[PDB]
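Accompanying notes for the structure given below.
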Amino acid sequence: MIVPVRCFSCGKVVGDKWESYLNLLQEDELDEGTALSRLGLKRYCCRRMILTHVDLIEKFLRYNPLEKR
Amino acid sequence: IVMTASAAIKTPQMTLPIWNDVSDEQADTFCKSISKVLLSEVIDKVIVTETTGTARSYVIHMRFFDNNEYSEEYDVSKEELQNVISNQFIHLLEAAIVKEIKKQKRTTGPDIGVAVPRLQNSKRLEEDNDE
Amino acid sequence: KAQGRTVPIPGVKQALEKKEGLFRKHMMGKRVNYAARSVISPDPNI
Amino acid sequence: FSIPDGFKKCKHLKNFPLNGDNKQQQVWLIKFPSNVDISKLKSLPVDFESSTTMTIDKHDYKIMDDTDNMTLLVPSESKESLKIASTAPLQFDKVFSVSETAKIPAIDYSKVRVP
Amino acid sequence: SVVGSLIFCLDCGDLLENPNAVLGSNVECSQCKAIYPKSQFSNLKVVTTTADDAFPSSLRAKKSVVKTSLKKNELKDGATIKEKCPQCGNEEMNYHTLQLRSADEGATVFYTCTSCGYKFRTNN
Amino acid sequence: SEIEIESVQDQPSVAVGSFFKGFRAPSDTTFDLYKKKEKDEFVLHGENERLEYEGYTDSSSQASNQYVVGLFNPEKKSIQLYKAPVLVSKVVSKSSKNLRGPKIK
Amino acid sequence: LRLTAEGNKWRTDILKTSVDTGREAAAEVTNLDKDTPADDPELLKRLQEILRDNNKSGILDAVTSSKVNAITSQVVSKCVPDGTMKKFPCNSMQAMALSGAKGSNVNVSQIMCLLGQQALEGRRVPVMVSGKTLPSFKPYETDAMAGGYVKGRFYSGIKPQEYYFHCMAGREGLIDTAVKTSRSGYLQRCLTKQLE
Amino acid sequence: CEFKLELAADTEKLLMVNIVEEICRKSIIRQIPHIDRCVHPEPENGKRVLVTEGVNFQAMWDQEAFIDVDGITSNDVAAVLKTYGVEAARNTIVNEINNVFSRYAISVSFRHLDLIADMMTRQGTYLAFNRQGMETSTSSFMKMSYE
Amino acid sequence: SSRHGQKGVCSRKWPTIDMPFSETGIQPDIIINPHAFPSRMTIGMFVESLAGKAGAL
Amino acid sequence: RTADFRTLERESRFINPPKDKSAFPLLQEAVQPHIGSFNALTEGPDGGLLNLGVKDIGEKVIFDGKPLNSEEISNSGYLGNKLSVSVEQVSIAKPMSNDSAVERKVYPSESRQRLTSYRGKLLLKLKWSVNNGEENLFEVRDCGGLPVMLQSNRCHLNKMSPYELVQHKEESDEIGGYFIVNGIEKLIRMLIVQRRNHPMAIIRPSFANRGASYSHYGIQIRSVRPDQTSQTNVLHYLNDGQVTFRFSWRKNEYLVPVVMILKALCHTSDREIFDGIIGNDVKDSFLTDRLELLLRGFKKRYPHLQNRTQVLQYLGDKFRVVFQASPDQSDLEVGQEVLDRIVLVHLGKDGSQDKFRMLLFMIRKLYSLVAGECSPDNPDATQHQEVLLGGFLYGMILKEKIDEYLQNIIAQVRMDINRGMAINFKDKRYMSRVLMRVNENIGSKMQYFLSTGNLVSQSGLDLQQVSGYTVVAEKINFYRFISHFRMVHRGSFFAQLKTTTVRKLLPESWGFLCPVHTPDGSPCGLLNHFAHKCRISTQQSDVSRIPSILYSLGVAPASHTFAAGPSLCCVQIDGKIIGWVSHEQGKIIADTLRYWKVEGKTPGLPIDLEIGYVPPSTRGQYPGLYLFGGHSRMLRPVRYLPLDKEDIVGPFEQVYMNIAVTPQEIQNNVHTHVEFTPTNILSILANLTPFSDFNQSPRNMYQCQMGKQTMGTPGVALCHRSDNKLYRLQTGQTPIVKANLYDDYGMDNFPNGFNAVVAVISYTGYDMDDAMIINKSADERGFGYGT
Ligand SMILES: [Zn+2]
Ligand SMILES: [Zn+2]
Ligand SMILES: [Zn+2]
């Protein structure tokens, strides 16, 4: 669904780094690796957390029984 | 054994302890002497020359393997072959031809229109080992 | 041993031999009191 | 008989040179596809056995020859229509069949098998 | 036309009856009442040989160009692995592999001794 | 070995009709040829005292294959070609045109 | 799971003799002197005779299997353990098999050396009416690989032909577990009721 | 071997080759009763033996010049019982059950097999563990709880 | 289970303080016993382990 | 520089569902045999299978109990007024809802939420012909709500782009292929059935135990009608030397002498039958005697039958009751009706000459099997089978229900004429009265089949089983759901057999049936899954232009040649024997056909055509050039070495074909084709397994079963669903280690797991063989949490 709060392995907050990661890939045009480093993710456990995140919530939200069309 | 105590076992066997004075060649010759020999085992070719004249003439020629070949492979003599053909085989052949003539004249053909017999848990059988 | 009626009602013989039978299902074997069932988990400290 | 509809009887039939003397006479049968034009070709290259080669307007052909039922009907007269050929039934001396053959390309191994 | 034990009409092609069943001197076709015979049909014969596969024997097997029987002595087990023999203590020990039970269950190994010839079955 | 052709006839003249293995016939009867007007279909018909002959051309074979018959010379080495249609001929007997009631019991 | 450069050299050299084995065994069962070529017309006719008979194919399979399995045993005896990069007690894969904790030297050899000949219902790989064991192999191919002999190991990986053949032998066991009507339930129930 | 067969004009067509073929594989040249084939296997634990695919002791008794008649083994328990007695059949049961387990390298104490064999031979016959063998048992309640 | 047919039941939910800790300061999310691999021969998982680590870094 | 994951591309597509062509075409190619099968029911040439089916069931006759009163022997013979009832056209409508006046569109989402069926109005133009069309009455009759397949010809979603699907409460890349019946998604399971229009020489001990002096040898051809209904014809070799024709009508088997069924088709002589079976091999004493037994036996048993008409009349007289064709139909009409409906139906009506040629070929193949010249064809092998698609099966049972529907109209009229007599057939009032006294709800009957899987039929079709034709399209996770539409079963009847040969993985399955993806235990080797690049034939085309190409390539016409046996090559196109050639030339034609097939220069030769060449062998398969183009065929793409272009291959032709796996393994003079990627031989789930070429065989198999049982993502449109039970992983993650085909199927839309730090360690003491440890602090942080 959404970006998890804290890394499953150690507990480093990762939830504030999702939207910032896409901005480093889009606007800054950086590679996956360097973008994660600039966010402050050096442990491979914290690295995979954001890198491997799917974000199905954006797909899920497109079905809204409260708004027409 | 335990469940049925069968008098009619699938593979009935006998273990025969051979002496020391009986050689490996002698024992193999003895094996041949007891082993069941069929006419099929000594025949190489059968040529039937069906000629109709005057009467259905059937010239049956029994081409066997060489005399020394089947005598060394089945321990069967030419005299032994003569007795079986002249007493068993011809009487068995005559009975088979007579039976085939009767079977030909009995039923002329299958009955047309009359139905004949057909040639030949469901979810449980489709369940995998983990299911 | 009774005539076919247009599955029939089971007789007292059928009651004693329903499946495995009254003797096998309720005498030789029985459901018991003061008993529990659970998935087993390993433990080297016990 | 008279049936089927749209079928007209053949009154005029061209002459066939049939004699069968003895320095002898030979009757040949040839099979041809609908794609090739018989009136265009005025010469046909053919040799004994299965080995044959032919090229008519980009298309390649092969004339299969076989030694060995069909019955030949030759017209005796235009009014007598058709009658069975005989000398003493009649069989063809040599039978041929034209088959369209295409040249399959050799595999470019140096281009397809790559380490 | 006459072919082997069969005889067909040259006019229609219907199979003609046996000369023994019908009346003597003359024979006729069921389709067209054609004048027959020409008396040149003769007492025909048909040479019928055995199936060659009809008599399966130890001698017929030996007549085959390829090896049909394996030697009693020349029988090498199925492979050899360096495993300690439980019988006395041997290095050379034969083996066999297959996957029994579930797809989750491990691989079963079937060991075989060389010194005595003792079979085995152990998963781990 | 290139063999030369003298003449080619695209008009009906000589025809070939396959019956069966061992066909003789009285060798005095006539066969009436018919034609229909891309590819022309031919029909053969003959009559006898005890027999009757009927032939036709295969629809799948006519449009795809073109059969020709020629006469060869041993000295001149020239062939006179004439188009011949192959007719699948069947022979009907006096025994034919025999039938029982349309509905029996 | 790794072999040393020395140990891996031994593996490739013993497995280099396995290519000849396929045709050698095929020439032995067929009975042909001087060891005829793999593309010999008389040999290919002789192998067809073998293909049509269940017994004749059995003699061919048992001879070729015993010969390729002898090549397997050689690879395993040389490479394990004298050719393994990491050695006992530190090589835990080796340690678990020797200690009896889990696994055997057979599993260890499939991982580090070769899977060997894939045996299906006592014989080799099933063959089509065309004489082909797979659409990739030549009809009546006199090669060990075509018969199901896997030179590949699970460490280095297995080729698609070997993969399909391993799939056959792997499933074969699970099929036997599905078709096994024999149960010890009633046999024990009959004894216990009379011996209680 | 050549022989001519004369049939009537009414017998007409017949497939003689197929008829002959079937009778040849049915015709026995020589057969010793109840025995099909006698083979020579590899000596079992050093013992020179011959394995028969059939059972007839009285026939083998005549082959005293080749076979040691006091050591002639057989897997068929009922056949052994009929000729050599209940104790011999009892010994065949303990040996045969042991062959089933020893092949799969499973060791079962002979104390178990001997008890099972003694229970099968308790009536001097060869009783099996089933409804038939059970008929000769005192407890009707035990019988009722079986089937 | 991993994508290599190595299924196992959850024996316990081990505390991070009691869990083995890496040089990096990471404690594993899941612990697989080494005695699983010699019988199953799931080497695909072994190469998946060093591939997944390389790709995460 | 790498084989990376699309992160920026993925998230953009999540927010923006495409308005153009949907992404991941392979996902739609997975449900291609399902949607295509149902699409061919109405759309395509000849007006679809359903219009062909009602054209094949024909008329249903009943006569009025009224006299002629003519000023006569005609009065006694007068049966009354004729009533021939049939169905000309069959219409299917997209799901609608009327409220009695104006109709409204009803979408699948509504059907799921309402817990109802996604039905479409079934219409069929009934023909009420009196006294052989002296007055005709037509009426378009509403025959209930027929359950429609999703994303098909009659579904509202088929046109819709990913954007439109989301706006209609469905998945962005919705596959379809299933039916919404009472809120439950149910699909028709694909079946493995005998390859159409091919004589199969089979040895079966079953054939012996049925009758007297019956052998193991026999021939079996599964003839299929253009409407996809099948009719199997079996040939039996009796020990007497007699050959009998076996068939089935209603649910009963019937036996007739082959020499009788031959003489009924077309007028022939005994020598024409002789030349037809025995070619130039006249000296073969084995054949010389067997054929004499047939011809003399027929002359002995039936001496009266001397012409084609008498034979047809004798056949009509004995089958007038079973075929129910009565009481004005002559024995000649009933006789021909038996032939047209039973004997080699794949060649159909106005093809009796073709049926005669094919029957003689079957007798020669039968005699080659008895002698040993020919090895028996294996029915369990992939080469001698095709795949009965769900949509085709649906069309077959529909044809059965409309046949029943017409029988019921006649039954009501028979009730009427046997009592009150009522009125005449020319009155529209009477027709309307009969029609509303007949149960016309075919929709409910078709809804039953999709709700129970139980096959209720008068013929029983050409299938052995009667249950489990339908299964719930289980959506516990997408991996299990997509595998359903790629799963194929041999048959429920085969599951209850001691034979292991059926379950055995064979080389014939290479690239068609996946070697990995098969369940453990009871369904092992029975419940197979197709390869990801494997395709199934929906129809046939350009088949009529191929004989012209063959005849030009040197194929001698079968009508003129008259020579048969294994000594010569037999050329056939969809079971239609067209000619005869030598075995040398036979391969030349087969190789040159493939060349002009891959080349886009030839208009009459399609790339999807199967060229099944069988070379001559010593006691091997029956040789011939058996070409195929028809429906249900198994097809796969390969790279053809000359020209370097794609070629479509079937399991029958592959057996003799040399296809290299990798281009580096291509051997000279012994290879004609090469694979595109070896990944083409595996299923979707089998390809998704990382480094599967490094794992032991049963572990790769168990992973397919595992991924199917995982708590992953069953969908994202859940707020508009009402399913029995769903399992949803909250924190889904994209695999770092993955096959590139994971993206090709867009599996990121449905994550099945999570990337975890896994240490291969024995430390806690609680982990050992079947037990593993999970981190407490990881679980506390939401690791592997599900709902
Ligand atoms: Zn972390
Ligand atoms: Zn006649
Ligand atoms: Zn030892």
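Those protein sequences? They're chains Y, Z, F, C, D, E, X, W, P and G, same order as listed.
Going by the deposited numbering, the first residue of the first sequence is number 1, and it counts up by one from there.
Heads up: the second sequence runs through residues 1225 to 1278, 1287 to 1352, 1361 to 1371, numbered per the deposited numbering.
Heads up: the third sequence runs through residues 442 to 447, 451 to 490, numbered per the deposited numbering.
Heads up: the fourth sequence runs through residues 23 to 44, 49 to 94, 106 to 125, 130 to 156, numbered per the deposited numbering.
Going by the deposited numbering, the first residue of the fifth sequence is number 2, and it counts up by one from there.
Heads up: the sixth sequence runs through residues 8 to 44, 47 to 114, numbered per the deposited numbering.
Going by the deposited numbering, the first residue of the seventh sequence is number 833, and it counts up by one from there.
Going by the deposited numbering, the first residue of the eighth sequence is number 1470, and it counts up by one from there.
Going by the deposited numbering, the first residue of the ninth sequence is number 918, and it counts up by one from there.
Heads up: the tenth sequence runs through residues 12 to 82, 84 to 111, 115 to 802, numbered per the deposited numbering.
Think of the CB as a built atom: it goes at the ideal place given N, C-alpha and C, for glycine as much as any other residue.
{"Item": "Beta-carbon proximity of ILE674/G to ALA546/G, cut-off 8 Å", "Value": "no"}
{"Item": "Start-end ranges of the beta strand (DSSP E) lying completely within the segment 509-546 of chain G, minimum 3 residues", "Value": "542-544"}
{"Item": "Option in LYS28/E, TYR91/E, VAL52/E and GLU58/E with minimal Cα separation from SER284/G", "Value": "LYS28/E"}
{"Item": "Helix, strand or coil at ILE1504/W according to DSSP, with G and I counted as helix", "Value": "strand"}
{"Item": "Inter-residue spacing [alpha-carbon to alpha-carbon] between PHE289/G and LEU306/G", "Value": "7 Å"}
{"Item": "Residues of its chain near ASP557/G, where Cβ-Cβ distance is below 6 Å and the 5 sequence neighbours each way are ignored", "Value": "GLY619 and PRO621"}
{"Item": "DSSP three-state assignment for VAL1549/W, whether helix, strand or coil", "Value": "helix"}
{"Item": "Members of the segment 931-949 of chain P near chain A, C-beta cut-off 9 Å", "Value": "Among the protein chains in the structure shown, which are Y, Z, F, C, D, E, X, W, P and G, there is no chain A."}
{"Item": "For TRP1243/Z, the three-state DSSP class (helix, strand or coil)", "Value": "coil"}
{"Item": "6 Å CB neighbourhood of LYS17/Y in its chain, flanking five on each side removed", "Value": "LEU39 and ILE50"}
{"Item": "Neighbour flag for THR849/X against chain D, beta carbons, 8 Å", "Value": "no"}
{"Item": "is_contact[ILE113/E, chain G] using C-beta, thresh 8 Å", "Value": "yes"}
{"Item": "Proximal residues to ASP17/E (C-beta, below 7 Å), its chain only, five neighbours per side dropped", "Value": "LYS92"}
{"Item": "Pair within 8 Å by beta-carbon distance, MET721/G and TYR742/G", "Value": "no"}
{"Item": "Ligand 4 heavy atom lying under 7 Å from the CB of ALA72/E", "Value": "In terms of ligand content, the structure shown lacks ligand 4 and carries ligand 1, ligand 2 and ligand 3 instead."}
{"Item": "Within-8 Å CB hit, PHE709/G to chain X", "Value": "yes"}
{"Item": "Cβ-Cβ separation, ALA976/X to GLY854/X (assumed contact under 8 Å), whole Å", "Value": "4 Å"}
{"Item": "Opening and closing residue of the alpha helix (DSSP H) in which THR607/G lies", "Value": "598-613"}
{"Item": "Three-state secondary structure (DSSP) of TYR178/G", "Value": "helix"}
{"Item": "Residue from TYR628/G, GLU614/G and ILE789/G with nearest C-alpha to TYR655/G", "Value": "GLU614/G"}
{"Item": "Under 8 Å between C-beta atoms of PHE986/X and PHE709/G", "Value": "yes"}
{"Item": "Cutoff 8 Å: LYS1495/W Cβ touching any chain G Cβ", "Value": "no"}
{"Item": "Between the CA atoms of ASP431/G and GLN422/G - distance to the nearest angstrom", "Value": "14 Å"}
{"Item": "Sequence-distant residues of its chain with Cβ nearer than 6 Å to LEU583/G (five each side left out)", "Value": "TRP595"}
{"Item": "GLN669/G CB to nearest heavy atom of ligand 3 below 7 Å", "Value": "no"}
{"Item": "Helix, strand or coil at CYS46/Y [DSSP, three-state]", "Value": "helix"}
{"Item": "Cβ-based neighbour list, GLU93/D, same chain, cut-off 7 Å, excluding 5 preceding and 5 following", "Value": "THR81 and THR115"}
{"Item": "Environment of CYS89/D [buried if 16+ CB atoms lie within 10 Å]", "Value": "exposed"}
{"Item": "Three-state secondary structure (DSSP) of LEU624/G", "Value": "coil"}
{"Item": "Separation of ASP92/C from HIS598/G, as counted between CA atoms", "Value": "14 Å"}
{"Item": "Sub-8 Å separation of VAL1546/W and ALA1558/W beta-carbons", "Value": "yes"}
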